[PDB]
Amino acid sequence: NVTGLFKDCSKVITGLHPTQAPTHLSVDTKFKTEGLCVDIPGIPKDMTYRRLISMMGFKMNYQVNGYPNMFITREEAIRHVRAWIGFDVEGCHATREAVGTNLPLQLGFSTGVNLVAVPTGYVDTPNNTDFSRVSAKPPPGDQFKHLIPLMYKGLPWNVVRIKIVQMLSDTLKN
Amino acid sequence: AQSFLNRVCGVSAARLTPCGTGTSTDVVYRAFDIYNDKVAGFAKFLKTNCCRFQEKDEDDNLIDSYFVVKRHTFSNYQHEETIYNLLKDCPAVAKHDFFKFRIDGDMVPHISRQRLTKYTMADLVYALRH
Amino acid sequence: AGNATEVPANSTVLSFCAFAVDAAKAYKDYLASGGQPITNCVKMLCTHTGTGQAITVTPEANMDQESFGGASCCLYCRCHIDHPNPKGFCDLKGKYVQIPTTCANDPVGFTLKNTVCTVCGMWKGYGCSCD
Amino acid sequence: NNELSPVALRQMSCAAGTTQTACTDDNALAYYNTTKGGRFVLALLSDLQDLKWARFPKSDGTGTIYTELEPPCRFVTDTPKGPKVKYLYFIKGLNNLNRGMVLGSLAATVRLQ
Ligand SMILES: [Zn+2]
Ligand SMILES: [Zn+2]
């Protein structure tokens with residue numbers, strides 16, 4: 001069983017020289033001979049690969065008291081009004097270089113707001129990940145034709161989070 | 001102008017000579033086989049979404065080969081791309097080349113079909129049946 | 001599309017290191033927070049001959065220890081998260097890591113708690129002539 | 001320069017199975033075109049490993065058709081819990097035209113792996 005969590009998103013299928021893959025699955029079948037990996041001087045390592053990576057399949061529910069478990073159960077969210085505010089986002093997938101990832105484009109809440117933003121994502125790089133901006137298109141569904149004029153006019157993340165936390169800091173500050 | 005004309009001579013046989021106009025398209029009277037949803041037939045339209053370059057020859061004689069560069073939608077630019085990128089093998093495919101170029105402040109895409117032929121099988125079959 | 005990657009069984013684990021901003025003390029509290037380890041580190045193979053320097057281009061190992069990969073040994077990069085590295089990523093991405101037999105259960109806490117000594121190039125204490 | 005066909009091919013659910021009698025009344029997904037001759041049927045979509053026959057009431061509901069199926073085409077759709085295997089049977093001896101327009105409408109509807 002494999003994950004869409006951290007599932008690679010670019011179409012390139014050439015496995016990583018496992019010195020550039022942080023998991024025992026992202027190694028090409030050139031190193032796995034009877035469940036073990038053997039160093040190969042027959043080919044040097046690679047430095048040319050820029051792939052976005054999926055960010056799904058989380059299911060966050062550790063168990064400690066040093067953090068309070070963010071998700072509140074049935075009552076602990078019914079009891080506490082003067083906090084209810086919506087949360088929903090619309091997304092899309094990339095075109096040429098890659099596809100298979102979900103990324104936000106417009107964010108709506110209870111406040112009569114719908115924020116625009118250009119898509120960006122964690123591209124994998126031989127040193128770490130970079131936070132790169134990639135071509136975007138909505139899903140091919142025709143009911144997403146309303147989503148056409150949103151990809152070429154969005155916003156990056158910094159200004160967006162400033163404005164969002166500030167919508168917070170004047171609407172929910174009360 | 002030339003940097004363009006240069007920049008679409010890509011890497012090969014830089015002997016070009018735009019029998020077009022400048023950096024504008026062309027107007028050709030060509031006999032298509034067409035069938036959208038509304039029109040249909042085997043008929044001779046006036047087509048114009050193309051810039052057309054006649055590749056010349058050493059000794060600077062003309063020579064039957066062409067670079068036909070078309071300009072259309074970004075989205076469609078991608079489709080054509082990913083397709084071409086799937087299929088750049090079976091030799092019956094004219095070797096395309098994509099790029100993005102600027103006209104004014106406009107980053108217009110461009111596809112460059114390389115070494116074709118002034119006519120097409122259409123003009124043959126048509127102007128032999130009719 | 002792309003290529004599969006993580007085990008769903010350690011999803012929760014990486015989840016705690018995906019959304020964390022103090023992820024180091026976080027994941028050490030996780031190693032000590034009712035769980036079993038990140039059961040996916042690349043398992044290398046060598047003749048176990050050479051010095052003890054793990055950070056090596058081609059496995060440079062001892063008879064006791066055992067080698068995993070170089071990259072698959074930093075959770076800061078194992079989770080694609082941001083780094084507090086000054087400029088601006090993690091070093092061990094590209095080499096190998098030969099950990100001595102005891103502490104070689106998980107190399108994340110190893111790479112974060114220990115760090116190579118400039119004198120013998122080994123992990124500080126496993127072993128060293130450092131006075 | 002010559003676009004093919006903007007579509008209108010509907011999709012229903014009905015009956016298919018492995019033999020003439022094995023066809024349970026609800027397990028298959030018909031893709032079809034109601035032409036001059038009733039809801040004229042084109043292709044089958046399923047999740048089962050194999051279905052070599054299908055059964056559908058007529059134009060007015062006289063009898064049940066005994067339309068066999070193709071060695072199904074293999075592919076995987078996506079459902080919120082990962083990939084999901086699916087097969088695309090065709091009604092045998094169906095030329096390239098309707099195979100093509102069916103693939104068109106279908107791959108349009110369902111995004112694969
Ligand atoms: Zn790191
Ligand atoms: Zn030392």
# chains A, B, ... in the order shown; residues from 1 in each chain; ligands from 1

call {"tool": "interface_residues", "arguments": {"of": "chain A", "to": "chain C", "cutoff": "8 Å", "atoms": "only C-alpha atoms", "output": "PyMOL selection string"}}
result
chain A and resi 1-13+18-26+36-39+57-64+98-100+122+124+126-129

call {"tool": "residues_near_ligand", "arguments": {"ligand": "ligand 2", "cutoff": "9 Å", "atoms": "only C-alpha atoms and all ligand atoms", "output": "short mmCIF file (atom, residue, chain, number, x, y, z; two decimals) with N, CA and C atoms, in the first residue's frame"}}
result
data_model
loop_
_atom_site.label_atom_id
_atom_site.label_comp_id
_atom_site.auth_asym_id
_atom_site.auth_seq_id
_atom_site.Cartn_x
_atom_site.Cartn_y
_atom_site.Cartn_z
N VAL C 116 28.53 15.73 12.96
CA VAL C 116 29.89 15.27 12.70
C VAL C 116 30.89 16.18 13.39
N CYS C 117 31.94 15.58 13.96
CA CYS C 117 33.03 16.34 14.55
C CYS C 117 34.14 16.56 13.52
N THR C 118 34.73 17.76 13.54
CA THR C 118 35.70 18.12 12.52
C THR C 118 37.01 17.35 12.66
N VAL C 119 37.27 16.80 13.85
CA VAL C 119 38.56 16.16 14.13
C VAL C 119 38.64 14.80 13.44
N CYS C 120 37.82 13.85 13.90
CA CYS C 120 37.84 12.51 13.32
C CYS C 120 36.75 12.29 12.28
N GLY C 121 35.89 13.27 12.04
CA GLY C 121 34.86 13.14 11.03
C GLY C 121 33.75 12.17 11.36
N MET C 122 33.83 11.50 12.51
CA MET C 122 32.84 10.52 12.94
C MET C 122 31.77 11.21 13.77
N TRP C 123 30.78 10.42 14.18
CA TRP C 123 29.79 10.89 15.12
C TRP C 123 30.41 11.02 16.51
N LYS C 124 30.17 12.16 17.15
CA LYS C 124 30.87 12.51 18.38
C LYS C 124 30.59 11.51 19.50
N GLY C 125 31.50 10.56 19.69
CA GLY C 125 31.40 9.58 20.75
C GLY C 125 31.36 8.14 20.27
N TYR C 126 31.36 7.91 18.95
CA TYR C 126 31.15 6.58 18.39
C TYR C 126 32.16 6.21 17.29
N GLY C 127 33.46 6.28 17.56
CA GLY C 127 34.06 6.77 18.79
C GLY C 127 34.87 8.00 18.44
N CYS C 128 35.88 8.32 19.25
CA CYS C 128 36.71 9.49 19.00
C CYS C 128 37.89 9.50 19.96
N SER C 129 39.02 10.05 19.50
CA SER C 129 40.12 10.36 20.41
C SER C 129 40.02 11.79 20.92
N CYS C 130 38.82 12.38 20.88
CA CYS C 130 38.64 13.76 21.31
C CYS C 130 38.88 13.88 22.81
N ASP C 131 40.16 13.86 23.19
CA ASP C 131 40.59 13.99 24.58
C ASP C 131 39.97 12.89 25.44
#

call {"tool": "closest_residue", "arguments": {"among": "B:75, B:117, B:90, B:98", "to": "chain A", "atoms": "only C-alpha atoms"}}
result
B:75

call {"tool": "residues_around", "arguments": {"residues": "residue 25 (chain B)", "least_positions_apart": "5", "cutoff": "9 Å", "atoms": "only C-alpha atoms", "output": "PDB file with N, CA and C atoms, in the first residue's frame"}}
result
ATOM      1  N   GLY B  20       6.798  36.104 -46.527  1.00  0.00           N
ATOM      2  CA  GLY B  20       5.649  36.704 -45.894  1.00  0.00           C
ATOM      3  C   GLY B  20       5.660  38.210 -46.067  1.00  0.00           C
ATOM      4  N   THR B  48      -5.302  32.041 -42.741  1.00  0.00           N
ATOM      5  CA  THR B  48      -4.418  33.154 -42.430  1.00  0.00           C
ATOM      6  C   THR B  48      -3.741  33.103 -41.074  1.00  0.00           C
ATOM      7  N   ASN B  49      -3.976  32.106 -40.237  1.00  0.00           N
ATOM      8  CA  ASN B  49      -3.257  32.021 -38.973  1.00  0.00           C
ATOM      9  C   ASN B  49      -1.943  31.268 -39.178  1.00  0.00           C
ATOM     10  N   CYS B  50      -1.007  31.934 -39.844  1.00  0.00           N
ATOM     11  CA  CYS B  50       0.302  31.334 -40.067  1.00  0.00           C
ATOM     12  C   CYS B  50       1.263  32.386 -40.580  1.00  0.00           C
ATOM     13  N   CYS B  51       2.493  32.350 -40.087  1.00  0.00           N
ATOM     14  CA  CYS B  51       3.608  33.053 -40.705  1.00  0.00           C
ATOM     15  C   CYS B  51       4.424  32.027 -41.474  1.00  0.00           C
ATOM     16  N   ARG B  52       4.896  32.401 -42.652  1.00  0.00           N
ATOM     17  CA  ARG B  52       5.428  31.443 -43.603  1.00  0.00           C
ATOM     18  C   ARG B  52       6.803  31.871 -44.083  1.00  0.00           C
ATOM     19  N   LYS B  70       2.860  28.885 -36.540  1.00  0.00           N
ATOM     20  CA  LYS B  70       1.494  29.223 -36.201  1.00  0.00           C
ATOM     21  C   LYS B  70       1.448  29.780 -34.792  1.00  0.00           C
TER      22      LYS B  70
END

call {"tool": "residues_around", "arguments": {"residues": "residue 17 (chain B)", "least_positions_apart": "5", "cutoff": "7 Å", "atoms": "only C-alpha atoms", "output": "list in words"}}
result
residues 53, 54, 55 and 56 of chain B
